[PDB]
Each structure stands twice: as structure tokens, then as C-alpha cells.
Amino acid sequence: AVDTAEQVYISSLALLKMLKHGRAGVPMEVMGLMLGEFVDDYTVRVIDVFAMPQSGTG
Amino acid sequence: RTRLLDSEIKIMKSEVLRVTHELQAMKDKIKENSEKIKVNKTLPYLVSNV
């Protein structure tokens, strides 16, 4: 019912798996799910970004 | 009377490795033929020349 400026305290492993997923992620665009914990209203954290199978269909 | 025991343990292993033959066929074919239908059903798949 109220809006505040949020923040994402990242685990670096998030961007590490994103860079592996993009480097090895051959330029066909791909999809996955992000895994953290909603700490509060003005911040969020991502502790994990897990991997997907080779969904080369769309 | 134990050659039949080794051969029947090998027949249980034959059923196991035949479930694995059907696994390497069908379970891998899930991935393979699913995404190969899906790559065949991408487009009228861009005809071309060798």
C-alpha cells in the first residue's frame, strides 16, 4: 500500500552465474528463476541464481 | 547348481540394463526428440543450399 526505493544487496555468485550463463549462454536468449529472500520493503537480496537446462526452443 | 544363479543375477542385470537401454532410448529421446520436434517446429525451417 506504499512504495519505497528498493535495493538489491547481491551475492556476487548471482552475477557470476549470470556471466557463466551468458558467456556459455550462446546468444539465443534464455530464461531462468532468481532465488534470494525478501528482507524488507526498501531492500531485497539475491543470494542465489541457479541454472537451467538447455531450453533452446524459445 | 550356481551357473543359473550367476545367469539369473545377470538376467536381473539384463532387465536393469534393458530398462537402461529403454532409458537411454526414451528418457534421452524426451530431450532429443522433444527439442528436435521443437527445432523442426521453429519455423518453416529456413530452406537453403549446400
# chains A, B, ... in the order shown; residues from 1 in each chain; ligands from 1
call {"tool": "interface_residues", "arguments": {"of": "chain B", "to": "chain A", "cutoff": "10 Å", "atoms": "only C-alpha atoms", "output": "PyMOL selection string"}}
result
chain B and resi 31+34-39+41-42
call {"tool": "write_last_selection", "arguments": {"atoms": "N, CA and C atoms", "output": "PDB file, in the first residue's frame"}}
result
ATOM      1  N   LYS B  31      14.362 -35.379 -24.206  1.00  0.00           N
ATOM      2  CA  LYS B  31      15.193 -34.220 -24.528  1.00  0.00           C
ATOM      3  C   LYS B  31      15.399 -34.072 -26.027  1.00  0.00           C
ATOM      4  N   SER B  34      12.057 -34.193 -28.274  1.00  0.00           N
ATOM      5  CA  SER B  34      11.247 -33.039 -27.915  1.00  0.00           C
ATOM      6  C   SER B  34      11.828 -31.775 -28.521  1.00  0.00           C
ATOM      7  N   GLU B  35      13.105 -31.502 -28.261  1.00  0.00           N
ATOM      8  CA  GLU B  35      13.697 -30.309 -28.837  1.00  0.00           C
ATOM      9  C   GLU B  35      13.988 -30.444 -30.325  1.00  0.00           C
ATOM     10  N   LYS B  36      13.961 -31.646 -30.894  1.00  0.00           N
ATOM     11  CA  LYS B  36      14.118 -31.782 -32.337  1.00  0.00           C
ATOM     12  C   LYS B  36      12.799 -31.635 -33.080  1.00  0.00           C
ATOM     13  N   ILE B  37      11.680 -32.030 -32.466  1.00  0.00           N
ATOM     14  CA  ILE B  37      10.382 -31.557 -32.929  1.00  0.00           C
ATOM     15  C   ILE B  37      10.316 -30.040 -32.819  1.00  0.00           C
ATOM     16  N   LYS B  38      10.808 -29.492 -31.703  1.00  0.00           N
ATOM     17  CA  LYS B  38      10.719 -28.057 -31.457  1.00  0.00           C
ATOM     18  C   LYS B  38      11.626 -27.249 -32.378  1.00  0.00           C
ATOM     19  N   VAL B  39      12.762 -27.813 -32.801  1.00  0.00           N
ATOM     20  CA  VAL B  39      13.594 -27.186 -33.826  1.00  0.00           C
ATOM     21  C   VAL B  39      13.027 -27.432 -35.220  1.00  0.00           C
ATOM     22  N   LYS B  41       9.738 -27.595 -35.485  1.00  0.00           N
ATOM     23  CA  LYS B  41       8.621 -26.665 -35.352  1.00  0.00           C
ATOM     24  C   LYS B  41       9.040 -25.268 -34.919  1.00  0.00           C
ATOM     25  N   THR B  42      10.305 -24.893 -35.113  1.00  0.00           N
ATOM     26  CA  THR B  42      10.625 -23.476 -35.010  1.00  0.00           C
ATOM     27  C   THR B  42       9.907 -22.701 -36.093  1.00  0.00           C
TER      28      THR B  42
END
call {"tool": "residues_around", "arguments": {"residues": "stretch 23-25 of chain A", "least_positions_apart": "4", "cutoff": "12 Å", "atoms": "only C-alpha atoms", "output": "MDAnalysis selection string"}}
result
chainID A and resid 15:19 29:32 51:56
call {"tool": "atom_distance", "arguments": {"atom1": "atom CA of residue B:33", "atom2": "atom CA of residue A:22"}}
result
25.5 Å
call {"tool": "select_by_dssp", "arguments": {"residues": "chain A", "states": "strand (DSSP E or B)", "output": "count of residues only"}}
result
13
call {"tool": "select_by_dssp", "arguments": {"residues": "chain B", "states": "alpha helix (DSSP H)", "output": "count of residues only"}}
result
33
call {"tool": "residues_around", "arguments": {"residues": "stretch 33-44 of chain A", "least_positions_apart": "6", "cutoff": "10 Å", "atoms": "only C-alpha atoms", "output": "number ranges by chain"}}
result
A: 2-11, 14, 50-52
call {"tool": "write_last_selection", "arguments": {"atoms": "N, CA and C atoms", "output": "compact mmCIF listing (two decimals), in the first residue's frame"}}
result
# COMPACT_ATOMS: atom_id res chain seq x y z
N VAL A 2 2.18 1.07 -0.03
CA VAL A 2 3.13 2.17 -0.03
C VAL A 2 4.34 1.75 -0.87
N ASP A 3 5.02 2.73 -1.47
CA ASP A 3 6.14 2.46 -2.36
C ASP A 3 7.38 3.19 -1.87
N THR A 4 8.49 2.47 -1.79
CA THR A 4 9.78 2.99 -1.36
C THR A 4 10.80 2.61 -2.42
N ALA A 5 11.92 3.32 -2.45
CA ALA A 5 13.03 2.99 -3.34
C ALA A 5 13.75 1.75 -2.82
N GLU A 6 13.69 0.66 -3.59
CA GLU A 6 14.23 -0.61 -3.15
C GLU A 6 15.74 -0.66 -3.37
N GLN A 7 16.33 -1.80 -3.00
CA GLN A 7 17.76 -2.03 -3.15
C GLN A 7 18.00 -3.53 -3.20
N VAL A 8 19.02 -3.93 -3.95
CA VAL A 8 19.35 -5.34 -4.14
C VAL A 8 20.78 -5.54 -3.65
N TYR A 9 20.93 -6.02 -2.42
CA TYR A 9 22.24 -6.45 -1.93
C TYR A 9 22.54 -7.80 -2.56
N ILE A 10 23.41 -7.81 -3.56
CA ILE A 10 23.65 -9.02 -4.34
C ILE A 10 24.71 -9.87 -3.65
N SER A 11 24.47 -11.17 -3.59
CA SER A 11 25.57 -12.11 -3.60
C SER A 11 26.25 -12.00 -4.95
N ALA A 14 25.39 -14.56 -7.86
CA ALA A 14 24.32 -14.18 -8.78
C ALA A 14 24.89 -13.72 -10.12
N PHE A 50 20.23 -19.84 -9.85
CA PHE A 50 20.54 -21.21 -10.18
C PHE A 50 20.49 -21.41 -11.69
N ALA A 51 20.73 -22.63 -12.11
CA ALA A 51 20.94 -22.94 -13.51
C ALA A 51 19.72 -23.63 -14.12
N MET A 52 19.65 -23.57 -15.43
CA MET A 52 18.57 -24.15 -16.20
C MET A 52 19.10 -25.18 -17.18
